[PDB]
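Chains as they are written, first to last, in full-length UniProt numbering: chain A, 33 to 574; chain B, 40 to 562.
All C-beta atoms in this analysis are idealised placements derived from N, C-alpha and C, irrespective of residue type, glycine included.
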Amino acid sequence: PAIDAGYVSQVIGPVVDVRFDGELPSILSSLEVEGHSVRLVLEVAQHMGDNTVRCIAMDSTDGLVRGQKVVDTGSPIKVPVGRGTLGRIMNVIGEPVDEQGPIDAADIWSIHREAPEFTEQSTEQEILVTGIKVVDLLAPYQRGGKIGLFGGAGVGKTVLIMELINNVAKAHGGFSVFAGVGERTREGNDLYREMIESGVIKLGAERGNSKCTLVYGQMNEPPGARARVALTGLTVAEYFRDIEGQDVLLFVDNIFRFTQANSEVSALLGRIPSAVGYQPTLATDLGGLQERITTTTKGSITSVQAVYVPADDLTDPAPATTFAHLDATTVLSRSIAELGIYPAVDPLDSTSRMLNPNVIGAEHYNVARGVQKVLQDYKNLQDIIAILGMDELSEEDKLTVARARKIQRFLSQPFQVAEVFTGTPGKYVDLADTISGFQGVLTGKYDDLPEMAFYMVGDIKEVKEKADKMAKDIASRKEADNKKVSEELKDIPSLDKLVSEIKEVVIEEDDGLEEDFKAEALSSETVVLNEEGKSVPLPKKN
Amino acid sequence: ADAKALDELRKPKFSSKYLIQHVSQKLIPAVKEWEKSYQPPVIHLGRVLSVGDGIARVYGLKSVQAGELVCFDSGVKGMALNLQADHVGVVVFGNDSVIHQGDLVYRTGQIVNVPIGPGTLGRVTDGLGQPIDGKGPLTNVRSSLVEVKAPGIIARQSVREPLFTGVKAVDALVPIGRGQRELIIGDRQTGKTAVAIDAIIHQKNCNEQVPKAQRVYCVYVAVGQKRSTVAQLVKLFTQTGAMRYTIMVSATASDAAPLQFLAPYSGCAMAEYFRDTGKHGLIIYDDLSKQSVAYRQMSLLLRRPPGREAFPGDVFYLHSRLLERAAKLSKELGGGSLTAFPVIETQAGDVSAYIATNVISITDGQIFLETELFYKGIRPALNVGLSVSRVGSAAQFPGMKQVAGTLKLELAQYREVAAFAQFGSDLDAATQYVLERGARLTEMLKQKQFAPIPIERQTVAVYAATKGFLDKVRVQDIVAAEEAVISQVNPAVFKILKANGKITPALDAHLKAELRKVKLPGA
Ligand SMILES: Nc1ncnc2c1ncn2[C@@H]1O[C@H](COP(=O)(O)OP(=O)(O)OP(=O)(O)O)[C@@H](O)[C@H]1O
Ligand SMILES: Nc1ncnc2c1ncn2[C@@H]1O[C@H](COP(=O)(O)OP(=O)(O)O)[C@@H](O)[C@H]1O
Ligand SMILES: [Mg+2]
Ligand SMILES: [Mg+2]
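Structure (structure tokens):
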């Protein structure tokens with residue numbers, strides 16, 4: 033009973049050394065610390081060499097004493113998978129963190145597995161309509177593809193991932209997994225409560241009719257928890273792909289936080305750091321996680337990952353490494369966002385493998401390439417326009433600057449999830465309407481319309497509606513002079529008649545501060561522990 | 040030398056003991072004649088192996104917890120960061136010039152904790168909870184940990200209550216929810232502190248008009264500031280009366296970098312007392328960009344590998360595990376809240392810095408304060424195109440929400456036509472209208488220091504500006520015009536607007552009536 037129950041050798045932050053006097057646990061095995069305040073799971077990372085394993089803590093190590101009994105579980109971190117996980121919130125180690133009781137486990141799968149083989153792969157390219165103009169036009173999504181949203185802290189990739197949830201995850205009739213990795217806990221509560229409202233998550237005895245399962249490793253978690261919670265969400269998605277055999281939607285908010293968490297951990301593991309500050313194993317840790325997120329021949333996983341860029345730096349090694357793992361990379365720019373254009377999608381930096389005329393049709397492809405040609409030509413003109421003004425341009429250049437400003441504003445779109453703070457109701461723009469409208473603005477059918485008629489509208493019917501309305505409001509600015517409903521006898525009381533209906537409050541004068549406060553008696557001397565573990569005052573010597 | 044071959048040396052294989060017995064009769068008398076030179080051996084206590092750079096290596100301390108307050112025998116506290124096989128690396132909350140090699144380290148049995156409670160309310164403490172205001176020890180207080188984990192998903196609810204700041208720009212444009220986190224990001228000397236000070240003074244003004252549970256108890260955490268600045272701020276909070284509700288934690292620029300790293304966690308543990316017992320807290324981390332610099336100092340002195348700009352790599356986790364404790368709790372947890380105002384100084388307006396973009400992707404919004412608006416005298420210099428608060432929106436004052444959408448739209452069009460014409464020669468005379476209205480409104484929103492306004496006197500003041508009622512006044516006398524409007528309007532309508540929550544159509548009628556008998560100074 034002593035063997036294969038080892039003891040804590042040294043504790044450095046998220047990283048625990050445990051010495052096992054016989055038959056060491058394997059790498060990736062799960063170990064349980066006995067006597068901690070909470071459940072502390074340690075995942076074995078390395079064998080250090082002297083009957084010592086090197087572990088990663090899935091919770092805080094504050095409170096670990098250097099002899100503590102650590103129990104090997106003989107297997108990796110196994111999380112509950114199945115249809116009974118639908119509608120629940122899980123953490124990194126598969127525990128319910130939504131207070132709905134224990135999780136109905138059809139199976140429990142380890143969170144570490146290999147990627148599917150080369151024979152298992154799927155080469156099928158059908159488009160996924162998102163109802164977003166810039167996404168559907170310029171970098172269209174694949175229905176079994178890895179999709180990345182690249183952004184720089186405040187450019188809108190959580191709002192884009194929520195709009196993609198709202199548009200896609202209702203028509204798509206499968207199950208969803210939301211793996212929240214390293215994001216705000218407030219946003220996880222927001223998504224959970226809005227999914228209970230729209231009935232995607234159902235509580236109580238209706239729980240089996242839920243469509244989404246949430247796995248959360250948010251930014252208050254230690255680095256070991258945020259480094260493995262994406263693997264937990266992957267395991268929940270891979271059960272539905274491999275065993276239920278059906279389509280999954282996996283949304284991962286900030287897969288960068290996985291890399292950042294392993295970079296926090298890797299400093300204390302005794303590794304020589306790679307470029308900018310990262311672990312030497314960035315590409316292989318990221319690739320081992322990303323190659324599990326695929327569609328095989330037996331099921332589909334449509335993946336949407338938000339990717340954070342660290343200082344608006346798209347050449348940082350974590351974004352530059354994760355660019356090669358995606359089928360559609362939607363890059364959000366801060367300069368686009370500062371012009372008020374939302375979604376702040378850089379149209380000359382967002383790519384897809386679907387922008388291919390043999391896949392989307394030559395009409396869509398030619399419109400998209402013409403839109404990109406006009407935008408790139410304006411980008412080449414902007415250095416002249418900023419200095420010499422638009423008065424120095426050619427008439428051909430003035431035409432392409434006007435058309436490119438119109439197609440820059442037309443790529444912006446109101447979102448249904450943004451209407452609670454913008455106030456403008458959102459529009460779902462169909463793909464045929466997107467192609468037709470952008471073709472019309474390309475050919476010069478809508479040069480009659482101003483620039484701001486295109487800003488934050490759905491499709492080209494609404495450009496002409498807003499262009500009639502802006503022109504219409506160019507006259508109507510007055511005749512709110514008299515004939516009011518706000519003179520003194522319309523339905524109005526007097527002001528003192530309004531004062532007496534005020535519910536007077538009683539101000540309590542005592543702050544309620546010592547209601548049930550148990551003040552402990554602080555000592556005016558530092559009380560410490562002597563050699564016998566007994567509480568004594570600090571001895572008066574230096 | 041294999042461990043298979045070092046394991047067989049536990050078994051005795053000497054086959055002759057002619058000097059086991061020779062020294063075992065002679066070892067104790069030779070040890071006894073050197074007892075003047077033996078320091079007493081150490082097992083559960085600690086002895087300092089080596090101290091330097093504010094990190095001591097401590098031999099022994101066999102039963103210390105990781106992350107625990109240790110006490111050096113000179114009375115300086117420490118924190119056991121990394122327990123190693125041979126030593127314990129402790130981090131010294133103080134100057135290491137008083138720690139010697141061979142000093143005794145005492146375990147205290149408790150992870151790093153500060154005094155929290157009703158009795159720390161009013162006091163000026165250091166980064167670890169000991170008072171520095173000189174008025175004695177912290178009484179009516181209890182000890183709680185500084186590295187509590189933030190509440191989870193199920194322990195929260197969305198922010199609903201509207202947390203008035205007293206700044207017209209903030210309460211109209213960037214409104215603050217009560218469990219929200221709002222970054223005050225700007226350059227050096229752009230009025231970052233002034234917004235947070237105005238919020239604290241306004242909570243003093245509102246705490247005496249609300250019934251005992253809608254009161255907000257502020258905490259100001261001053262990290263890396265000067266001590267004279269903190270003394271002047273305590274003088275201001277005392278003479279306004281705001282020190283009745285404020286805790287003031289200060290780890291100043293002279294203090295050790297562990298104390299500056301730890302002081303926001305100490306202040307957060309003190310304000311989480313008010314979050315956890317159903318009350319509401321306000322916490323201001325002034326220059327969280329200095330806590331990041333102190334943590335970078337600690338990490339490079341611990342020889343951890345530097346990452347971007349030199350920062351340790353867990354400098355995101357430093358601020359994320361700090362600001363995630365600013366929450367709004369659910370009704371099963373009491374319903375208390377904690378609103379955070381992190382402050383980040385920016386170099387030359389570079390929002391794309393490391394710590395700046397870290398804290399932007401933690402907080403629920405931003406308040407950008409520009410040097411080009413601050414030099415022109417537009418104070419608070421709030422960048423309206425960049426400032427944002429999405430969690431506090433549709434959770435603000437309802438009358439202010441009825442008025443301020445027109446204000447956000449009119450400042451938006453003012454920004455559009457100033458983005459078109461930065462030189463004045465081509466006047467459309469409808470572009471001149473939106474220029475005159477924008478110049479009226481940006482004179483309306485700018486205000487003076489250390490005098491926050493109640494929300495009904497801001498609602499009426501921006502009601503009188505987003506409508507007509509001020510176009511008689513030209514561009515200069517608007518600061519006196521709004522004071523004349525606040526003065527000459529009959530003060531019953533402020534009581535109806537406060538009590539009802541929004542402008543009712545009877546109140547809109549009386550308000551359109553009352554804004555016509557106002558003697559504007561521009562005439
Ligand atoms: N709203 C305001 N109206 C008038 N003056 C102001 C206002 N806000 C700040 N000031 C003045 O501007 C100066 C800078 O203010 P403040 O100290 O708030 O900026 P800061 O961002 O804290 O600078 P630092 O971080 O370097 O201390 C102060 O001297 C103050 O008197
Ligand atoms: N489609 C949109 N419409 C309006 N505002 C948006 C939109 N997308 C982003 N924003 C603004 O950008 C801010 C940051 O977006 P968010 O997704 O929260 O940032 P991040 O990209 O860091 O996750 C939001 O608070 C919102 O105000
Ligand atoms: Mg986000
Ligand atoms: Mg300041």
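Selected residue, minimal CA-CA separation from residue i, among the options
i: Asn529 of chain B; options: B:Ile517, B:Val557 and B:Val512; result: B:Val557
i: residue 564 of chain B; options: A:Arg71, A:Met386 and A:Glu546; result: Residue 564 of chain B cannot be examined here, being either before or after the span of chain B that is shown, 40 to 562.
i: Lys188 of chain B; options: A:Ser306, A:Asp91, A:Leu160 and A:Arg115; result: A:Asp91
i: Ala366 of chain B; options: B:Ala44, B:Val62, B:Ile215 and B:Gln515; result: B:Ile215
i: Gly214 of chain A; options: A:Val537, A:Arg260 and A:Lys234; result: A:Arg260
i: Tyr478 of chain A; options: A:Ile524, A:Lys515 and A:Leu431; result: A:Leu431
i: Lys506 of chain B; options: B:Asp516, B:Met483, B:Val518 and B:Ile494; result: B:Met483
i: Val406 of chain A; options: A:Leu170, A:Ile109 and A:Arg71; result: A:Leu170
i: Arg120 of chain A; options: A:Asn241, A:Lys330 and A:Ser61; result: A:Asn241
i: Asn221 of chain A; options: B:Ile192, B:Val456, B:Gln248 and B:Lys447; result: B:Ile192
Chain B contact residues for residue i, given Cβ-Cβ distances below 8 angstroms
i: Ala343 of chain A; result: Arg347, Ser391, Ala392, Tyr393 and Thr396
i: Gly119 of chain A; result: Simply none; closest approach about 13 angstroms.
Which residues DSSP lists as bridging residue i, in chain order
i: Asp325 of chain B; result: B:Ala261
i: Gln78 of chain A; result: A:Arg86
i: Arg96 of chain B; result: B:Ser89 and B:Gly128
i: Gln515 of chain B; result: None, per the DSSP bridge assignment.
i: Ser332 of chain A; result: A:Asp279
i: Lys459 of chain A; result: None; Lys459 of chain A has no bridge partner.
i: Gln405 of chain B; result: B:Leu222 and B:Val427
i: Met118 of chain B; result: B:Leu108 and B:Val130
i: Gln153 of chain A; result: A:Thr328
i: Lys110 of chain A; result: A:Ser142
i: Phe453 of chain A; result: Paired residue(s): none; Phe453 of chain A is not in a bridge.
Residues that residue i contacts on chain A, provided the C-beta gap is smaller than 8 angstroms
i: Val430 of chain B; result: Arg218
i: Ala531 of chain B; result: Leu527, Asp528, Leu530 and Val531
i: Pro250 of chain B; result: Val537, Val538, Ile539 and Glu540
i: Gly230 of chain B; result: Within chain A, no residue comes near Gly230 of chain B; the closest Cβ sits about 21 angstroms away, beyond 8 angstroms.
Where residue i meets chain A, residues with beta-carbon distance less than 7 angstroms
i: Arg254 of chain B; result: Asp543
i: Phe355 of chain B; result: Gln292
i: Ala124 of chain B; result: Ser41 and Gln42
i: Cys110 of chain B; result: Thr558, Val560 and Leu570
i: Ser102 of chain B; result: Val97
i: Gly374 of chain B; result: Correct list: empty, because the minimum Cβ distance to chain A is about 13 angstroms.
i: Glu363 of chain B; result: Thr217, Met251 and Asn252
Under 9 angstroms from the C-beta of residue i: neighbouring residues of chain B
i: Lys535 of chain A; result: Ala538
i: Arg225 of chain A; result: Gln196 and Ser197
i: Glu428 of chain A; result: Ordered by position in chain B, no residue passes the 9 angstroms Cβ test against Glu428 of chain A, which lies about 23 angstroms from the chain.
Proximal chain B residues relative to residue i, where beta-carbon distance stays under 7 angstroms
i: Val452 of chain A; result: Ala433
i: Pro305 of chain A; result: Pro344
i: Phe549 of chain A; result: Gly156 and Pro157
Interface partners of residue i on chain A, CB under 9 angstroms
i: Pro544 of chain B; result: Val517, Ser518, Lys522, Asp523 and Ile524
Identify each residue in the region 175-203 of chain B for which the Cβ-Cβ distance to at least one residue of chain A is less than 9 angstroms, and report them in chain order. Contacts with chain A (Cβ-Cβ distance below 9 angstroms) from the region 175-203 of chain B involve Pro176, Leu177, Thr178, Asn179, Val180, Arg181, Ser182, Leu184, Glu186, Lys188, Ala189, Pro190, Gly191, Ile192, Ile193, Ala194, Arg195, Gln196, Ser197 and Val198, listed in chain order.
Can you give me, in chain order, the residues of the region 97-108 of chain A that have a beta carbon less than 9 angstroms from any beta carbon in chain B? Listed by position along the chain: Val97, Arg98 and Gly99.
What is the chain-ordered set of residues for which the beta carbon lies under 6 angstroms from any non-hydrogen atom of ligand 2? Ordered along the chain, the selected set is A:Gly183, A:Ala185, A:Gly186, A:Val187, A:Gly188, A:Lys189, A:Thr190, A:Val191, A:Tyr374, A:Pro375, A:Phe447, A:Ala450, A:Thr454, B:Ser400, B:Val427 and B:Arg429.
Contact set between the region 147-170 of chain B and chain A, restricted to residues whose Cβ is under 8 angstroms from the partner: Against chain A - using a Cβ distance shorter than 8 angstroms - the residues of the region 147-170 of chain B are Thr147, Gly148, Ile150, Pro154, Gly156, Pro157, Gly158 and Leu160.
Output, in sequence order along the chain, the residues in the region 396-410 of chain B whose CB is closer than 8 angstroms to any CB in chain A. If you check each beta-carbon in the region 396-410 of chain B against every beta-carbon of chain A, the ones closer than 8 angstroms belong to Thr396, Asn397, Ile399, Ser400, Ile401, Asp403 and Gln405.
Using a Cβ-Cβ cut-off of less than 7 angstroms, give me the residues of the region 318-339 of chain A that come near chain B, in sequence order. Those residues of the region 318-339 of chain A that come within reach of chain B (Cβ to Cβ, closer than 7 angstroms) do not exist; the list is empty.
Could you please tell me which residues of the region 129-148 of chain A, in chain order, have their CB closer than 8 angstroms to any CB of chain B? For the region 129-148 of chain A, the residues whose beta carbon sits under 8 angstroms from a beta carbon of chain B are, in order, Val129, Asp130 and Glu131.
Which residues, in chain order, does the region 236-265 of chain A contribute to contact with chain B at a C-beta distance below 9 angstroms? For the region 236-265 of chain A, which is checked against every Cβ of chain B, the residues closer than 9 angstroms are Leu246, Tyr248, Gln250, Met251, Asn252, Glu253, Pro254, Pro255 and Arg258.
Short of 7 angstroms Cβ to Cβ, which residues in the region 493-513 of chain A face chain B? Flagged: no residues at all.
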